[PDB]
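A.B. asks: Protein chains in written order, with the entry's author numbering: chain E, 1085 to 1355; chain L, 1 to 338; chain C, 1015 to 1113.
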Amino acid sequence: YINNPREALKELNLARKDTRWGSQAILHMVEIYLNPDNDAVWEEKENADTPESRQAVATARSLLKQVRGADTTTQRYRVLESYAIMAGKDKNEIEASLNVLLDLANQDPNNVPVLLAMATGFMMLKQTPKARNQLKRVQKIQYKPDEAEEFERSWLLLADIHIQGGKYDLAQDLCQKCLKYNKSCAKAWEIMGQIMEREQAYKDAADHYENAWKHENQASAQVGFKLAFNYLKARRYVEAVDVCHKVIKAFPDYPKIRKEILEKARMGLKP
Amino acid sequence: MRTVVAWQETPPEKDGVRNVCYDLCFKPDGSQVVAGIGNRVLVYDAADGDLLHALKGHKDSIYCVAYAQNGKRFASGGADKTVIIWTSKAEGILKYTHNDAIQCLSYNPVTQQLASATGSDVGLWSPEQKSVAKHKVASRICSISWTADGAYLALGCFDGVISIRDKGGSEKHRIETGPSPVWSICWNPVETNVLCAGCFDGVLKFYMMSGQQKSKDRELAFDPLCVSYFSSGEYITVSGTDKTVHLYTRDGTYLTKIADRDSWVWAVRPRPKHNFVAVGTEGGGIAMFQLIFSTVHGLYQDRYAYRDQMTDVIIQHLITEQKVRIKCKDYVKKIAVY
Amino acid sequence: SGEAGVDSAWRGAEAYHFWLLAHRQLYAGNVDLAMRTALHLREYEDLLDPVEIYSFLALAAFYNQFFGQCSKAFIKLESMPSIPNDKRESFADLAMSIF
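And the structure:
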């Protein structure tokens, strides 16, 4: 939930002592290969594909079959099998994965992961109206709060395809809605921040970026770039050095540590 | 110790300005703490905190304020290329437009000769003039301060050098602070030769007239936005990106946590000849703090072990009264004598 | 005194070392070595709770499906009931089902 897979995986590796709680533990160590919390990153000037996952499919199919109890064939489990399948990540193989999933997503054309994988396949192959349709029929079911984080993921996925359409503020309010069902939405934070940047609001955008850095596990270099960029343009002279500290906690080798902030550092400090 | 909060107040907001306590200057007795917050001169009292005067004379946010060292006026320097001068009655008398946005302010002790460092010049404001007696320095005058006698005005320049000048702006010294320019210098109103060359790198430079240090140039754990001498140079109030103010002995050894605040203390200034400190934050929250020093002591009926210099203990063996302190160089909590 | 030999001198500390060894190995994939180091406490059942070691061996040896040890575990789980009579009778029913 807070994006700490190391200690979590160490916990889950010692969960292999029960047939059901260990079963959902193993289901979770194979679910984290494509969905730790949420994945809606198809914003404008953004894209998502993992060609390095030719070994992630191998370990996904290996640790896949190790699920205990009755978990070796579920809709979630077979969709996770097809998660490894498009994680094979070749274009014709992605099409084959999409067809295998279409044998799975058409089984439940109201569930979030099936039509979500529709959306991911349709957007790494660029047919974004098809992804729009699949995510609109994600929420074809009425409001039942059982996949609220996954509902937020699908809402932001529709939101970023709408960004690709051309309108901005809709995805800003949907990413604000993302804060409701989880308090650690770093990708949403960066996204809303970029959107308000389009609508001329930058200090709040930088606050969202540094919240994202807080929940991206010390990762703000380009996020740190737009952090310091928004911290700089308001001409608040002593500022943009808290973001200096934030991005050197992100990366000690942060490369923009003397141009967007040294127009504030030493150009300020009781200015 | 105890560092009691004398008062603490979030400043009022008006004219739609960023609520930041940009600069802090004191009436020389320490009664009116004059905080230039936003585009206001939010004049408080440094014993109560009540807003005596909200002085909205500037156009842009007031970058800097400075009280008269002889105690007659307090001006206000902002980014609007002007300085509006307010008397001790907090009334705008003069508003003279410079050639660049104001960087810092300092007043003469001899007269009300305000110096107003702009981005390219220093606006020497004589006690009643409308003119800008500029100091055209090739480097940007980043810090100014007037020596307590009232003759020298150290124009710290944006080159790593504090160029100490006169009341006409003639370069005399080439203070070797290093590569970092020093936006925060301050002549102590009792020390004409101790320049507190506080920088962003953390180095606590207590520099002399020509550019040599007084004590060890301590590297702070935080980037200091303002460093000032508590108790007329015996103790140090350091304030920076640590969100608060620390107390340090003038060696540079830690004493106590002075302030407990919300944001960046942009300016720290001890209340002159008091126990209080001007802790005005990035949220504008201005707060005095009772830095009361109790003589913590043990006693085996003869060696009165009262703590003095607050890292040392001046134990006076009352039979002999030999006041040779113990150089602990670290903050003393409790003492007992056998 | 204690058991014969210097290696068996501090037999109480050795007893609980082997017992904590059994407890650790029960959940570290070494359940059979836990059974052997609890057979170590088959001598050392006097100083600890004998029901604890008995139930440990019986309910992590029958579930290891050691059929001779399954039979002995169900002998203990039916005859001379030190196992509480609810689970004693449940494993008695299992004995009447298995054996």
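Just so it is clear, CB atoms sit at the ideal spot from N, CA and C, and this is done for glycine as well.
1) Run down chain E in chain order and give the residues with a C-beta less than 9 Å from the C-beta of residue 183 of chain L.
2) Quick one: using the 10 Å Cβ neighbour count with 16 as the cut-off for buried, is residue 1094 of chain C buried or exposed?
3) Across which residues does DSSP place residue 1102 of chain E in a beta bridge pair?
4) What residue range is occupied by the uninterrupted alpha helix (DSSP H) comprising residue 1205 of chain E?
5) Please report whether the beta-carbon of residue 1151 of chain E lies at a distance below 8 Å from any beta-carbon of chain L.
6) Give a yes or no on whether 8 Å exceeds the smallest Cβ distance from residue 1326 of chain E to chain L.
7) By the 9 Å beta-carbon criterion, what residues does the stretch 1308-1335 of chain E contribute toward chain L?
8) Note down, in chain order, all residues in the stretch 203-227 of chain L with a beta-carbon under 8 Å from any beta-carbon belonging to chain E.
9) Less than 8 Å between the C-beta atoms of residue 1043 of chain E and residue 1271 of chain E, yes or no?
10) Within 10 angstroms of its Cβ, does residue 1043 of chain C collect 16 or more other Cβ (buried), or is it exposed?
11) Identify every run of the alpha helix (DSSP H) within the stretch 1225-1250 of chain E, keeping only runs that are complete inside it and at least 4 residues long; order them along the chain.
12) Would residue 148 of chain L and residue 187 of chain L qualify as a contact pair, given that the criterion is a beta-carbon distance under 8 Å?
13) Among the residues of its own chain, which have a CB less than 6 Å from the CB of residue 290 of chain L, if the five just before and after it don't count?
14) Can you give me the start and stop residues for the alpha helix (DSSP H) that residue 336 of chain L sits inside?
15) Quick test of your reading: residue 120 of chain L and residue 102 of chain L, contact by CB under 8 Å. State the CB separation rounded to the nearest angstrom.
16) Take residue 1112 of chain E and list the residues in its own chain whose beta-carbon comes closer than 8 Å to its own, dropping the five residues that flank it on each side.
17) To be precise: take each residue of the stretch 61-77 of chain L, compare its Cβ to all Cβ atoms of chain E, and keep it if any distance is under 8 Å. Which residues remain?
18) At 3 residues or longer, what runs of the beta strand (DSSP E) sit wholly inside the stretch 141-177 of chain L?
19) Determine whether the beta carbon atoms of residue 143 of chain L and residue 194 of chain L lie at a separation below 8 Å.
20) With 8 Å as the threshold, decide whether the Cβ of residue 200 of chain L is near any Cβ in chain E.
21) Should residue 18 of chain L be flagged as near chain E, meaning a C-beta pair shorter than 8 Å?
22) Leaving out five residues on either side along the sequence, give the residues of the same chain with a beta carbon under 6 Å from the beta carbon of residue 1072 of chain C.
23) Spell out a yes or no on whether the stretch 1190-1199 of chain E and the stretch 1215-1224 of chain E are touching, meaning 3 or more CB-CB pairs, one atom from each, closer than 8 Å.
24) Tell me the rounded alpha-carbon separation between residue 259 of chain L and residue 248 of chain L.
25) Where residue 331 of chain L and residue 237 of chain L are concerned, what is the direct C-alpha to C-alpha distance, given to the nearest angstrom?
26) For the stretch 256-274 of chain L, which residues have a beta carbon sitting closer than 8 Å to at least one beta carbon of chain E?
27) Grab the span of the alpha helix (DSSP H) containing residue 1179 of chain E for me, first residue to last.
28) Any idea if residue 184 of chain L is buried or exposed, counting beta-carbon neighbours within 10 angstroms, 16 or more meaning buried?
29) Any beta carbon of chain E sitting closer than 8 Å to that of residue 44 of chain L?
30) Expressed to the nearest angstrom, what Euclidean distance is found between the alpha-carbon atoms of residue 1128 of chain E and residue 1246 of chain E?
C.D. replies: With the structure as the only source:
1) Translated into the one-based positions of the second sequence, residue 183 of chain L becomes position 183. Simply 1350, 1351, 1352, 1353, 1354 and 1355.
2) As a position in the third sequence, residue 1094 of chain C is number 80, starting the count at 1. Residue 1094 of chain C comes out exposed.
3) One-based indexing of the first sequence puts residue 1102 of chain E at position 18. When DSSP reads this structure, residue 1102 of chain E sits in no beta bridge, so it has no partner.
4) Numbered from its first residue, the first sequence carries residue 1205 of chain E at position 121. Element bounds for residue 1205 of chain E: 1196-1208.
5) Translated into the one-based positions of the first sequence, residue 1151 of chain E becomes position 67. Under the Cβ distance rule, residue 1151 of chain E does not count among the residues neighbouring chain L, no pair being separated by less than 8 Å.
6) Counting from one through the first sequence, the residue named residue 1326 of chain E turns up at place 242. For residue 1326 of chain E, the closest Cβ of chain L is nearer than 8 Å.
7) Those residues of the stretch 1308-1335 of chain E that come within reach of chain L (Cβ to Cβ, closer than 9 Å) are 1318, 1319, 1320, 1321, 1322, 1323, 1325, 1326, 1328 and 1329.
8) Within the stretch 203-227 of chain L, those residues whose Cβ lies closer than 8 Å to any Cβ of chain E are, in chain order, 223, 225 and 226.
9) For residue 1043 of chain E there is no data in the structure shown, the boundaries of chain E being 1085 and 1355.
10) As a working mapping, residue 1043 of chain C is identified with position 29 in the third sequence. With fewer than 16 Cβ atoms within 10 Å of its Cβ, residue 1043 of chain C is classed as exposed.
11) Fully contained in the stretch 1225-1250 of chain E are the following alpha helix (DSSP H) runs of length 4 or more, in chain order: 1232-1249.
12) Residue 148 of chain L sits at position 148 when you count from the first residue of the second sequence. Residue 187 of chain L sits at position 187 when you count from the first residue of the second sequence. With respect to the 8 Å criterion, residue 148 of chain L and residue 187 of chain L are classified as neighbours on the basis of their beta carbons.
13) The sequence position of residue 290 of chain L within the second sequence is 290, counting from 1. The residues are 4, 6 and 275.
14) By one-based count along the second sequence, residue 336 of chain L stands at place 336. Residue 336 of chain L -> no alpha helix (DSSP H), and no H or E assigned at all.
15) Within the second sequence, the letter at position 120 stands for residue 120 of chain L. Within the second sequence, the letter at position 102 stands for residue 102 of chain L. The beta-carbon separation of residue 120 of chain L and residue 102 of chain L, rounded to 11 Å, does not stay under the 8 Å limit for a contact.
16) Translated into positions along the first sequence, residue 1112 of chain E becomes position 28. Within the same chain, and ignoring the five residues on either side of residue 1112 of chain E in sequence, the residues whose Cβ sits closer than 8 Å to its Cβ are 1096.
17) Here the close residues are 63 and 64.
18) Inside the stretch 141-177 of chain L, DSSP marks whole beta strand (DSSP E) runs of 3 or more residues at positions 141-143, 152-157 and 161-166, from first to last along the chain.
19) Here residue 143 of chain L refers to the residue found at position 143 of the second sequence. Here residue 194 of chain L refers to the residue found at position 194 of the second sequence. Here residue 143 of chain L is not near residue 194 of chain L, since their CB atoms are 8 Å or more apart.
20) As a first step, residue 200 of chain L is located in the second sequence; it is residue number 200 there, counting from the start. For residue 200 of chain L, at least one C-beta of chain E is nearer than 8 Å to its own C-beta.
21) The residue labelled residue 18 of chain L in the question sits at position 18 within the second sequence. Between residue 18 of chain L and chain E, the shortest Cβ-Cβ separation is below 8 Å.
22) Position 58 of the third sequence, counting from 1, holds the residue named residue 1072 of chain C. Setting aside the 5 residues that flank it on each side, residue 1072 of chain C is surrounded in the same chain by 1087, 1090 and 1091, each with a C-beta closer than 6 Å to its C-beta; the list follows chain order.
23) They touch, by the three-pair rule.
24) Taking the second sequence and counting its residues from 1, one reaches residue 259 of chain L at position 259. Taking the second sequence and counting its residues from 1, one reaches residue 248 of chain L at position 248. Taking the straight line from one Cα to the other gives about 13 Å.
25) As a first step, residue 331 of chain L is located in the second sequence; it is residue number 331 there, counting from the start. As a first step, residue 237 of chain L is located in the second sequence; it is residue number 237 there, counting from the start. So the alpha carbons of these two residues sit roughly 15 Å apart.
26) Of all residues in the stretch 256-274 of chain L, 264, 266 and 267 have a Cβ within less than 8 Å of some Cβ in chain E.
27) Residue 1179 of chain E sits at position 95 when you count from the first residue of the first sequence. Per DSSP, residue 1179 of chain E belongs to the alpha helix (DSSP H) from 1175-1189.
28) Stepping through the second sequence from its first residue, residue 184 of chain L is reached at position 184. Burial call: buried.
29) Locating residue 44 of chain L in the second sequence gives position 44, counting from the first residue. So no, residue 44 of chain L is outside the interface.
30) The count along the first sequence starts at 1 and reaches residue 1128 of chain E at position 44. The count along the first sequence starts at 1 and reaches residue 1246 of chain E at position 162. Using only the alpha carbons, I get a separation of about 9 Å.
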